[PDB]
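What is reported rests on the model, the rules as stated and the sources as named; these are not laboratory values. Note: ideal-geometry Cβ built from the backbone for every residue, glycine included; neighbour counts use all protein chains shown.
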Amino acid sequence: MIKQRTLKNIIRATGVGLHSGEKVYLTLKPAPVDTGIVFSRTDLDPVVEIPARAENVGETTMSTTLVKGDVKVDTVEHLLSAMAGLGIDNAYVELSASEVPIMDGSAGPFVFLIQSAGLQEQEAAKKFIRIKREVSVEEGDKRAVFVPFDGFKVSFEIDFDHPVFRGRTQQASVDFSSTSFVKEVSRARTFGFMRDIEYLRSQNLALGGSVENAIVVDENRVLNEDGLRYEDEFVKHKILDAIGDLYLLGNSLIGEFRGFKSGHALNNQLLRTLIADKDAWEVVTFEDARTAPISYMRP
Ligand SMILES: C[C@@](CCN1Cc2cc(C#Cc3ccc(CN4CCOCC4)cc3)cn2C1=O)(C(=O)NO)S(C)(=O)=O
Ligand SMILES: [Zn+2]
């Protein structure tokens, strides 16, 4: 059978919150079967546990934030993207502060730390959410859609009227049958525009931000000196963001996501509509790895 996965070993990282600018210790630990991903604020008494689930999403301005009460865990999307892309079902994520560290602004540091520790298959059937019926949400020109698909595929289109964007670099489609999360998406860094970042800075937002954890784009160029990791890094990053947000379902998806200028807010509205639409999805398991439409790397 395809088995639930957790970590083989504890993983530890240090960094800074992109938005808060606070130093944060992150500790990933193994977790039992059917736990899901569960964030823990270890700086609080008592320690507050927030499942990484759609129902615990609060704020979706410039990040995906989980909330229990007024306890926040901010910027969960890049770490959850890493978790989803390596097929982790169960894990405790301990934070010493309200935000997940930004690291290099990608999921690469997280994928590397997790794969360093190794994955452990557990003696329970991995449960997948299969999309049975198309579900789409829209708000103005933004759109996000789940479509039935025998596999896991993510397509994303951005529309910036800007010298850096103008080309085929504005749409990408990744079929995880064909194409490695780790090699093609995981290293895609977050990005912002100089005028929007100056606005945020004026509001004492973006306190952890720099060219070391973000692609900074002005009116005409990428400001970062050392270049892009990918010709289409920007759209790849939005794909990374979508994978992380989608993982708030709590299970790997057998289905296709298509995003047009979608972000955390619309992704969350998509999850909420999917969840509500019980005819559009079913939970499945695979007795036999060989008949599954998804293959995950060896643990
Ligand atoms: C929502 C987004 C973007 C989210 N972002 C990307 C992002 C970058 C940023 C910044 C900054 C900054 C840069 C330079 C400086 C000058 N000094 C500062 C002091 O140290 C030396 C540099 C100060 C601040 C803030 N910021 C942010 O909110 C995402 O990826 N979600 O997961 S997306 C791509 O739109 O979907
Ligand atoms: Zn992001």
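Quick notes
- Against the criterion of being polar (S, T, N, Q), within 16 Å of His78 (Cβ to Cβ) and either within 14 Å of ligand 2 (Cβ to nearest atom) or outside the structural domain of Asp74 (by CATH) (or both), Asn251 does not qualify.
- Those residues of the stretch 230-239 which are part of a helix (DSSP H, G or I) and more than 8 Å from ligand 1 (Cβ to nearest atom), in sequence order: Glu233, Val235, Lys236, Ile239
- Qualifying positions in the stretch 125-176 - polar (S, T, N, Q) and touching a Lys or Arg at 6+ places or on another chain (Cβ under 8 Å): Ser136, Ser155, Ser173
- Checking the stretch 207-230 against the condition returns a match, with at least one residue being hydrophobic (A, V, I, L, M, F, W, C), farther than 28 Å from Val174 by Cβ and in contact (Cβ under 8 Å) with a residue 40 or more places away in the chain.
- The residues listed here are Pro32, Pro46; of these, the one that is at negative phi, surrounded by fewer than 19 Cβ atoms within 10 Å (Cβ to Cβ) and either touching a residue at least 40 places away in the same chain (Cβ under 8 Å) or among the basic types (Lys, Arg) (or both) is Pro32.
- Test: residue in the stretch 85-93 that is crowded, with 19+ Cβ neighbours inside 10 Å, hydrophobic (A, V, I, L, M, F, W, C), part of a loop (DSSP other than H, G, I, E, B) and in contact (Cβ under 8 Å) with a residue 12 or more places away in the chain: yes
- Number of the condition not met by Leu113 [criteria: (1) touching a helix residue (DSSP H, G or I) at 6+ places or on another chain (Cβ under 8 Å); (2) among the aliphatic types (A, V, I, L, M); (3) outside the structural domain of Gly244 (by CATH)]: (1)
- Top-ranked residue in the stretch 73-82 [being closer than 15 Å to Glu55 by Cβ and out of contact with any helix residue (DSSP H, G or I) (no Cβ under 6 Å at 6 or more places or on another chain); ranked as farthest from ligand 2 (Cβ to nearest atom)]: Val73
- Note on the stretch 185-207: among residues that are closer than 17 Å to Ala107 by Cβ and in a loop (DSSP other than H, G, I, E, B), the one that is nearest to ligand 1 (Cβ to nearest atom) is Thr190.
- Extreme residue, farthest from the chain's Cα centre (by Cα), among residues of the stretch 249-265 that are more than 13 Å from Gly85 (Cα to Cα) and crowded, with 24+ Cβ neighbours inside 10 Å: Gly255
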